[PDB]
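Working notes, structure below.
Protein chains in written order, with the entry's author numbering: chain B, 235 to 343, 356 to 497; chain E, 214 to 222, 229 to 299, 323 to 396, 407 to 478; chain C, 16 to 30, 38 to 93, 100 to 158, 179 to 370, 385 to 501, 510 to 616; chain D, 424 to 425, 447 to 529; chain F, 271 to 427.
Encoded structure:
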């Protein structure tokens, strides 16, 4: 850019200048090479499994030494929100399955069940997620007085769960691994209300990930208070092979 | 109130109440129109304050009683804790709504140019109509964060400008929750969509009182443009 | 596959505390255990007091609401700064039935649903205390015939600053019609979070004149008069009194963060206090010496670490200007009271009870006592002029008091609870060598990760970017021969060798690596495609440091 | 300049609401009363953009134009000269 | 002051003389020179760019000696305030924080920060735990072990 500033509001105002019509290039993808789906996939997995794999493995071995600190934060009622550059899918599965569930199961004497939401899926739906939560936790059904007048039964059920679990012993019964809390269907307000109200309950551990740069805009004071986040930057430059297949790539 | 006032200090009381009603009508008929309910409410609001100004000298002199209670007949009197980040975000959103983005570099840019570069010249002609009389315009998030960073209050390892951390975004989310700022979409809002644009949702008097609470000169930003 | 589902439950097969071994792994496990147990005593002694304080908050809020509520118009109460989380309970008084009707903006899409929900609640409560009805206002008309008792409705409008004010205005005008029924009285409670003047201009002037006939204001924010946060801070002072001390940086950070939150800064205050206690009991190996029973377990590592104390440094430098003995000195010199907390409590109870100074925050009082400016804090009231010599205090800079301190210098509190999220993302994108270690060895040193190179070319480009020109600019930095040597280093994969044999291999590899990074940037929110069916230009959405 | 009390903007709000209620101004592009109960029920479940903005920015249109106002306001009225442009 | 002077005629040997006044070796000095040449014009005050480049490389090359002796920083800042004939120390800090924004992304600056392990004044073995948010990260509260041994030698002599 023919600019004097790059960073801050100075760079924002200096790089948004009115470029003339004659200065604009007319280049398109018609002068770009054509690639097929299969060679794209082939070069993709070869670069994902060989370009800087050894520094990524060293860095992943570095971040694994923070797992007891994550467990200690989860025992005090904080929800983990992991952010960074690159995919955090394998990190969240490995921490929540290989480490967190056996440590929690041994610390309170089967392992603790881990429910994994995939928010990179657009078809992640809060009613079916609450159906499996009901299956795992077996809460008491709402009475007729509690149903109100065409009220949302999921939210009223969770409020019943909140003032039931306030008296229970503080033993973690469910681990909730939310991949991509900022994904296209999970970022909507009803799903976020559902998950923050589930984050109120001490007996559920919440491990979440975000990918968008504007993700803290999802949470107001009520939602940030209910979520009770401790933030952790675990940037690894992971390629995100799983999440990339839910968008149309070659277009 | 009248029966306690006459022992604290029937046709005469009738003339007192009737003269009060006629004075209320002549003071506020332009304000109420020919509205029985509004004038009844004004009579109910102003009768005890009128009775409290009645002395032994005022009963047989309606003029002296009228000058004794002049402030009741001059104004209608029918009426009834935000964070610093929230206040400056509201001020920046008002600026982003009511100032065109082509001229922002001619107001907020203050850095030293290592690289040869020409700042903006600024607007040439004033507007004819005050743009704060019209409905607000829509803006993007990064423009609002730019103006918020430019107007917020403040060496080798300091970087005294405040960057957009999670408390700023939390304050912005609360500001949207209270409807002090608004979006193009009202229900089932994709906050993270680039297509979603934001506008201020407060009037000028509210942002004026807010700017007076933090000693920010917001009227200086609109004085030179119309 | 589980990676392609929306959700799935895992019951993983399994074959004892989260504290680790400090002192470079030469700490004993029993000291780890008593570190854990000491942390739990401190955490429990803090949170029992916090729970009692919170129950007191709701108790006095209920009392003040009931006093303002029961001591031909509405009885209007404006709860200013209310999060609408207060459980209002009405009295049980005979010959009259009292109903609380709670209404939310989600429950209020129009006036008809507002009335139907309110009348269903009215009939449900009146049937639950002691034939179907129509859920409209005539049930209010026929309430004395159907139930034999007078009626007192209290409407609690939850989160008024989110409701449609046209609907609320029409509902209040509709409720005005019940004033002529001689057995009905209506109270309205508005939970306002912005200001009264905002809800004044969103309602009709006749509605304002109706509400003005009988109304009261009740201000209950999270720190109305600082009285409830002072109790939480004082309980934290008492739970670490004689045991830990607070730096002025930590109290300054606490005041700065409570200034940035309006409605929920009590829980935020508790959150940073507990995270600081967690960080100390996870970090410091000397926390076992919080308990004076464990002082006999000293080692050479403990004495080696405690020798690097700046206060002990200045003490021994003054001694030379003017191990067993060091052990006895360390045992003897950690006994004393550190009376800053007792003096702070004395100043607080002196100002609150005697002078009737009630609009003070204990946290800035403690900050000024920490920096030695309690007179400079006290002289803002012009009422304790005669007691400035009375309440004078100067701190004693005791030695190795930073081995037992809560202090904010590493930015761990900033990184964990209030991170610079977007700036951290941009910093990691732009400067990826602070992320990835500097250890296919030839390619990993000569060519950057593709996301970082894409962000470097992204930052120095205009607001509008042609992606063909952007891809050529990305292609000119990559090394051609090293890429072609790296792609041929897998002889088991023959399609890779076949594609590397083509003369247009590097352009295809560059386009593949460019398109993956472009879709990553679009998913992260950095770039925005202009049109749906063009995909030829992008706009930058994100600038670094703003 | 050639003495009428100049009423403040906070008092003209009541006059403005009275003028709206007396069917002198209509909200801009408002449908009004629907033809049937189904369209009215559909309209009752939607929040219109006029009811979510502050009242001083709501767009209105006249039911009576300035030429009609000049036609029926008497010559002796002291605001008569401003019905002309 | 030399930072106010506009459009100066800089020879290629004045930059080498300024780099040799701060003990920079040949590779980094030639890189500062080459960084000047590719932005020769587009320049307002050349001295600001050259001063920021030289001090930005100075805090990287001598980062081992700056942790042991914090005085070195003031000393080098003053040598600079001198060679630029200015009495304001904030101008030099403004120069280096304006030049850092133009050099934070290049390959050669990356190689310099990798080779001297600088990463904004931090080692990699600390900054990875500052970025992770580790509770067990090194805190600048206790004195350094080698600094304490140096002090013990100073009281032994």
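We treat Cβ as the ideally placed atom computed from N, Cα and C, and that holds for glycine.
What number of angstroms, rounded off, separates the C-alpha of residue i from the C-alpha of residue j?
| i | j | result |
| --- | --- | --- |
| residue 497 of chain C | residue 468 of chain E | 41 Å |
| residue 235 of chain B | residue 599 of chain C | 19 Å |
| residue 252 of chain C | residue 105 of chain C | 18 Å |
| residue 314 of chain C | residue 604 of chain C | 51 Å |
| residue 533 of chain C | residue 240 of chain B | 11 Å |
| residue 539 of chain D | residue 490 of chain B | Limits of chain D in this structure are 424 at one end and 529 at the other, which puts residue 539 of chain D out of reach. |
| residue 10 of chain C | residue 262 of chain C | The structure shown does not extend to residue 10 of chain C, since chain C is modelled only from 16 through 616, so no value can be given for it. |
| residue 275 of chain E | residue 269 of chain E | 14 Å |
| residue 485 of chain D | residue 475 of chain D | 14 Å |
| residue 322 of chain F | residue 529 of chain C | 21 Å |
| residue 252 of chain B | residue 383 of chain B | 58 Å |
| residue 280 of chain E | residue 272 of chain E | 12 Å |
| residue 618 of chain C | residue 233 of chain E | Outside the shown range of chain C (16 to 616) lies residue 618 of chain C, about which nothing can therefore be said. |
| residue 336 of chain C | residue 60 of chain C | 7 Å |
| residue 435 of chain D | residue 514 of chain D | Any structural detail on residue 435 of chain D is unavailable, because chain D resumes at 447 straight after 425. |
| residue 117 of chain C | residue 77 of chain C | 15 Å |
| residue 387 of chain C | residue 407 of chain B | 59 Å |
| residue 181 of chain C | residue 153 of chain C | 14 Å |
| residue 260 of chain E | residue 257 of chain C | 7 Å |
| residue 440 of chain B | residue 368 of chain F | 47 Å |
Let me make sure I understand the geometry here. Which of the options has the alpha-carbon closest to that of residue i?
| i | options | result |
| --- | --- | --- |
| residue 508 of chain D | D:471, D:458, D:448 and D:467 | D:467 |
| residue 235 of chain C | C:127, C:363 and C:523 | C:127 |
| residue 466 of chain C | C:295, C:114 and C:437 | C:295 |
| residue 376 of chain B | B:399, B:470 and B:392 | B:399 |
| residue 85 of chain C | C:229, C:268, C:293 and C:49 | C:268 |
| residue 421 of chain B | B:333, B:277 and B:258 | B:333 |
| residue 298 of chain E | D:455, D:529, D:524 and D:500 | D:455 |
| residue 90 of chain C | C:237, C:300 and C:565 | C:237 |
| residue 410 of chain F | C:356, C:412, C:394 and C:228 | C:356 |
| residue 155 of chain C | C:135, C:197 and C:137 | C:197 |
| residue 284 of chain E | E:336, E:344 and E:238 | E:238 |
| residue 394 of chain C | C:344, C:425, C:182 and C:408 | C:344 |
| residue 502 of chain D | D:464, D:512 and D:482 | D:464 |
| residue 485 of chain B | C:614, C:601, C:582 and C:597 | C:582 |
State the CB to CB distance for the pair residue i and residue j, rounded to an integer number of angstroms; the pair is presumed to be in contact (CB under 8 Å).
| i | j | result |
| --- | --- | --- |
| residue 115 of chain C | residue 129 of chain C | So it is not a contact: roughly 14 Å between Cβ atoms. |
| residue 54 of chain C | residue 39 of chain C | 7 Å |
| residue 335 of chain B | residue 360 of chain B | 6 Å |
| residue 79 of chain C | residue 266 of chain C | Between residue 266 of chain C and residue 79 of chain C the Cβ distance is about 14 Å, and since that is not below 8 Å, they are no contact. |
| residue 220 of chain C | residue 108 of chain C | That belief does not hold up - the Cβ atoms of residue 220 of chain C and residue 108 of chain C are roughly 19 Å apart, past 8 Å. |
How about residue i and residue j: are their beta carbons less than 9 Å apart?
| i | j | result |
| --- | --- | --- |
| residue 457 of chain C | residue 396 of chain C | no |
| residue 462 of chain E | residue 332 of chain E | yes |
| residue 233 of chain C | residue 194 of chain C | no |
| residue 280 of chain C | residue 71 of chain C | yes |
| residue 384 of chain E | residue 616 of chain C | yes |
| residue 317 of chain F | residue 272 of chain F | yes |
| residue 307 of chain F | residue 319 of chain F | no |
Is residue i near the ligand GDP, judged by its Cβ being under 8 Å from some heavy atom?
| i | result |
| --- | --- |
| residue 282 of chain E | Inclusion of the ligand GDP in the displayed structure is not the case, the ligand content being empty and no account of it being possible. |
- Anything in the region 385 to 411 of chain F with a Cβ closer than 9 Å to a Cβ of chain B? List those residues in chain order, please. Of all residues in the region 385 to 411 of chain F, 398, 399, 401, 402, 403, 404, 405 and 406 have a Cβ within less than 9 Å of some Cβ in chain B.
- Task: For the region 503 to 527 of chain D, enumerate the residues whose C-beta is nearer than 9 Å to any C-beta of chain E, in chain order.
- Result: Of all residues in the region 503 to 527 of chain D, 503 have a Cβ within less than 9 Å of some Cβ in chain E.
- Item | Interface residues of the region 424 to 440 of chain B facing chain C [CB-CB below 7 Å] | For the region 424 to 440 of chain B, the set of residues with a beta-carbon nearer than 7 Å to any beta-carbon of chain C is empty.
- Message: Please list, in chain order, the residues of the region 124 to 143 of chain C that have any C-beta partner in chain D closer than 8 Å.
- Response: Residues of the region 124 to 143 of chain C with a Cβ closer than 8 Å to any Cβ of chain D, in chain order: 137, 138 and 140.
- Item | Contact set between the region 288 to 299 of chain B and chain C, restricted to residues whose Cβ is under 9 Å from the partner | Those residues of the region 288 to 299 of chain B that come within reach of chain C (Cβ to Cβ, closer than 9 Å) are 288, 289, 290, 292, 293, 296 and 299.
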